[PDB]
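K.L.:
fold the following for me, if possible:
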Amino acid sequence: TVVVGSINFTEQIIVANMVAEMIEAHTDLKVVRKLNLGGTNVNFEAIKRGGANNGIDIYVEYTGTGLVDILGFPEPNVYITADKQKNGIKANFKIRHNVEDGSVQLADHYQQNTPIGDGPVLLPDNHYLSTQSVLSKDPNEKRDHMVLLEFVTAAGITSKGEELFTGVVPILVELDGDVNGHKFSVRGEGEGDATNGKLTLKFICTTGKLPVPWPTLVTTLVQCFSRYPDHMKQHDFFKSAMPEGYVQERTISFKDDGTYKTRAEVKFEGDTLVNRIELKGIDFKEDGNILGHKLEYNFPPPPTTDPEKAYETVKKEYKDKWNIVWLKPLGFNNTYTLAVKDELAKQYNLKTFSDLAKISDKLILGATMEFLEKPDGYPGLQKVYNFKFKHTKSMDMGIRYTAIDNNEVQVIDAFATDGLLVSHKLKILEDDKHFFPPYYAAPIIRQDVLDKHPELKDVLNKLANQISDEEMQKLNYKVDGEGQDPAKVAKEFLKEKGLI
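P.N.:
Residues are numbered from 1 along each chain as shown. This is the structure:
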């Protein structure tokens, strides 16, 4: 008896049906089809706990999801908004720390920034900051330390203080801390270059060994060094507060453990940008992840976007960590794409995203709000393809779709395997440069189950490249458009193909 898993999502329902149908047709095995309510993460939970204890033994996972579940989440895009009543800005975000075991320590961040000086400051429209932080060690340094490199930029749309960030600027950083009555001081030196969005620092614990992990102090240890693009200068609050500067306050509540509370003054002292912080930490468990020093010492970089390297990475890491085996890709890639009418795709022979980029008319009126705001969305895509659409309108809900029918818009954002794409006779283009992550679907199974029934490997590999994007778009349309039974549309397809 094997247990097959699925999520509350038409596509997922259809493919899990197909996995199960194959097992029934080609083996003597009994197959339980279990539904799971939630995102892709609860299938990942269920397979860990097995079909023995009301989990699952098999499900279809996507490579891009797999990368973050197994390597951990990269740093979030922080959403800054205006805080009129504080003449400032504020932001809330989630930092995910990897623990020595493969669990994740959540760190909910609540941030407020208020100008020190009384003068006016930029009160920005909502926008995002993207950070990458690379931790390391100085091999010729004996004191508890941290070397930190950091690249930071803003995005979300198509001052005097800022003139102080013209070149490379000495940073100094001083932290006085108290976690659960344990006192400590940290001190750091370096330089920042706001034009490239680069930080370089080395920090030292000056009171001895650090009573918390270094990764937990990164967010506390100068967002004035971000790179704001030329069409967003009017949204850089941080620099505009200079040289008097701002107060940054945060609560960082770590899930199932204590909380840090920080207050920091960021300001010029001569030619040196200084970050002086006082941190209080309360309610920490004497052997939780934080006081226990149980956090990996490096945030996971932005993951590979290479399709082959993605699949190789999850396959290796899921086998080492969880003893879970990735069989072969089903064929389709449920990822963010752009879509045009079929008619036009034939009229200019489009196929690829660079083929679409070479046109400065057409709107992406379709783009949902999220797709235009998110850094890793159309702003990031502008920088790889030199997109230059004559205009871009934010169309939420389904009305994006009504528009491309009307021929107002000619280009829209979408998921490659969306059924509406056959509804509205649409063409999906290839992300030739691989800007977006790869969500290659593949069946996934527990080793202990494949050990008891080795024939599963070759049965489920019989689905390898059997489902292209456009095939999956049709099966999604059958269920969400015409109301058919997922289990019957699954079974039909395996019959047309000859797999059953």
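K.L.:
for residue 241, phi and psi?
P.N.:
Main-chain torsions, residue 241, degrees, to the nearest 10: phi -80, psi -10.
K.L.:
skipping adjacent residues, who's closest to it in space?
P.N.:
Once flanking residues are discounted, residue 241 sits nearest to residue 115: 4.5 Å by C-beta to C-beta, 6 or more residues apart in numbering. For the C-beta atoms, the positions are set from N, CA and C on the backbone; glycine is no exception.
K.L.:
look at the one you found and say how many residues are nearby.
P.N.:
Residue 115: 21 surrounding residues under other C-beta atoms under 10 Å.
K.L.:
what bridges to it?
P.N.:
With DSSP bridges as the criterion, residue 115 is bridged to residue 246.
K.L.:
just checking, it touches residue 246?
P.N.:
Yes. Using C-beta atoms under 8 Å, residue 115 is in contact with residue 246, at 5.2 Å.
K.L.:
which neighbours do the two have in common?
P.N.:
residue 88 (C-beta atoms under 8 Å, 6 or more residues apart in numbering).
K.L.:
just to revisit the earlier point, ok, now how distant is the residue nearest to residue 241 from residue 98?
P.N.:
Here the criterion is C-beta to C-beta, to the nearest Å. By it, residue 115 lies 36 Å from residue 98.
K.L.:
over to residue 169?
P.N.:
32 Å.
K.L.:
confirm residue 12 sits in a strand?
P.N.:
No. Counting by DSSP: H, G, I helix; E, B strand; the rest coil, residue 12 is not part of a strand but helix.
K.L.:
does the closest residue to it other than its chain neighbours sit in a helix or strand, and which one?
P.N.:
Of all residues not flanking residue 12 in the chain, residue 6 sits nearest, at 5.2 Å (C-beta to C-beta, 6+ apart). Using DSSP states H and E, residue 6 sits within strand 2-7.
K.L.:
also residue 384?
P.N.:
Here residue 384 is assigned to helix 378-385, by DSSP H and E.
K.L.:
using PDB, list the CA coordinates for that helix.
P.N.:
Taking C-alpha atoms only, helix 378-385 is exported to PDB below (Å, rounded to 0.1, in the frame of the first residue of the first chain):
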ATOM      1  CA  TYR A 378       8.900  43.000 -14.200                       C
ATOM      2  CA  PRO A 379      11.500  45.400 -12.700                       C
ATOM      3  CA  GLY A 380      14.100  42.500 -12.600                       C
ATOM      4  CA  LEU A 381      13.000  41.400 -16.100                       C
ATOM      5  CA  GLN A 382      13.500  45.000 -17.500                       C
ATOM      6  CA  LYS A 383      17.200  44.700 -16.500                       C
ATOM      7  CA  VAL A 384      17.800  41.400 -18.300                       C
ATOM      8  CA  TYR A 385      15.800  41.900 -21.500                       C
END
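K.L.:
can you list contacts of it?
P.N.:
So helix 378-385 is contacted by 155-156, 353-354, 356-357, 364, 367, 371-374, 387, 392, 413, 433, 435-436 (C-beta under 8 Å, 6+ apart).
K.L.:
now a PyMOL select for only the buried ones of those residues.
P.N.:
Typed into PyMOL, the line below selects the buried ones among these, using 16 or more other C-beta atoms under 10 Å:
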select buried, resi 155+156+353+356+357+364+367+371+372+373+374+387+392+413+435+436
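K.L.:
strands - which of the contacts of helix 378-385 land there?
P.N.:
Residues of these located in strands (DSSP state E): 155, 413.
K.L.:
from residue 289, how far off is residue 295?
P.N.:
Residue 295 is 6 Å from residue 289, by C-beta to C-beta.
K.L.:
give me the more crowded residue out of those two.
P.N.:
Remark: of residue 295 and residue 289, residue 289 carries more neighbours, 24 against 20, as counted by other C-beta under 10 Å.
K.L.:
quick one: the more buried one is in a helix?
P.N.:
No. With three-state DSSP as the criterion, residue 289 is located in coil rather than a helix.
K.L.:
which parts of stretch 240-254 are buried?
P.N.:
Buried, per 16+ other C-beta under 10 Å, within stretch 240-254: 240, 241, 242, 243, 245, 246, 247, 248, 249, 250, 252, 254.
K.L.:
now the terminal residues of it, how far apart.
P.N.:
32 Å (C-alpha to C-alpha, to the nearest Å).
K.L.:
how about stretch 397-416?
P.N.:
For stretch 397-416, the end-to-end distance is 17 Å (C-alpha to C-alpha).
K.L.:
which ones are touching the residue nearest to residue 241?
P.N.:
Residues counted as contacts of residue 115 (C-beta under 8 Å, 6+ apart) are 87, 88, 121, 241, 244, 245, 246, 247.
K.L.:
next, the second one: phi, psi?
P.N.:
Which is residue 88. phi -140, psi -160.
K.L.:
likewise for residue 402?
P.N.:
Dihedral pair for residue 402: phi -60, psi -40, per degrees, to the nearest 10.
K.L.:
got it, and the one 4 residues further on?
P.N.:
Backbone torsions of residue 406, given as degrees, to the nearest 10, read phi -70, psi -20.
K.L.:
how far away is it from residue 12?
P.N.:
Residue 406 is 32 Å from residue 12, by C-beta to C-beta.
K.L.:
ok, the two, which is more surrounded?
P.N.:
Legend: neighbour count by other C-beta under 10 Å for residue 406 and residue 12, higher for residue 12 (23 against 9).
K.L.:
returning to that earlier point: the residue nearest to residue 12 contacts residue 59, doesn't it?
P.N.:
Yes. In this structure, residue 6 is within contact of residue 59 by C-beta under 8 Å, at 6.6 Å.
K.L.:
tell me which stretches of the stretch 151-300 of the chain form strands.
P.N.:
Listed in chain order, the strands of the stretch 151-300 of the chain (DSSP state E, counting those that start in this stretch) span 168-179, 182-193, 198-205, 246-254, 259-269, 272-282.
K.L.:
nearest to residue 18, of the ones you listed?
P.N.:
Of all those, strand 246-254 sits nearest to residue 18, with 41.6 Å by C-beta to C-beta.
K.L.:
residue 178 contacts residue 281, doesn't it?
P.N.:
Yes. Residue 178 is in contact with residue 281 according to C-beta under 8 Å; the separation is 6.4 Å.
K.L.:
the more surrounded of those two?
P.N.:
Higher neighbour count among residue 178 and residue 281: residue 281, with 24 against 14, using other C-beta under 10 Å.
K.L.:
quick check: bridge partners of that one?
P.N.:
Checking residue 281 by DSSP bridges, which sets the bridge assignment, gives partners residue 179, residue 260.
K.L.:
identify the residues contacting it.
P.N.:
By C-beta under 8 Å, 6+ apart, residue 281 lies in contact with 177, 178, 179, 180, 212, 258, 259, 260, 261.
K.L.:
for those residues, which one is nearest residue 93?
P.N.:
The closest of the contacts of residue 281, once distances to residue 93 are taken by C-beta to C-beta, is residue 260, at 14.3 Å.
K.L.:
just to revisit the earlier point, shared neighbours, residue 295 and residue 289?
P.N.:
In contact with both residue 295 and residue 289: 97, 99, 105, using C-beta under 8 Å, 6+ apart.
K.L.:
what do residue 6 and residue 59 both touch?
P.N.:
16, 43.
K.L.:
quick one: contacts for the residue lying closest to residue 174 once chain neighbours are set aside?
P.N.:
Nearest residue to residue 174, sequence neighbours excluded (C-beta to C-beta, 6+ apart): residue 276, at 4.9 Å. Residue 276 is in contact with 173, 174, 175, 264, 265, counting by C-beta under 8 Å, 6+ apart.
K.L.:
tell me how far residue 276 lies from residue 263.
P.N.:
Distance, residue 276 to residue 263, by C-beta to C-beta: 9 Å.
K.L.:
please apply the same query to residue 232.
P.N.:
On the measure of C-beta to C-beta, residue 232 and residue 263 end up 28 Å apart.
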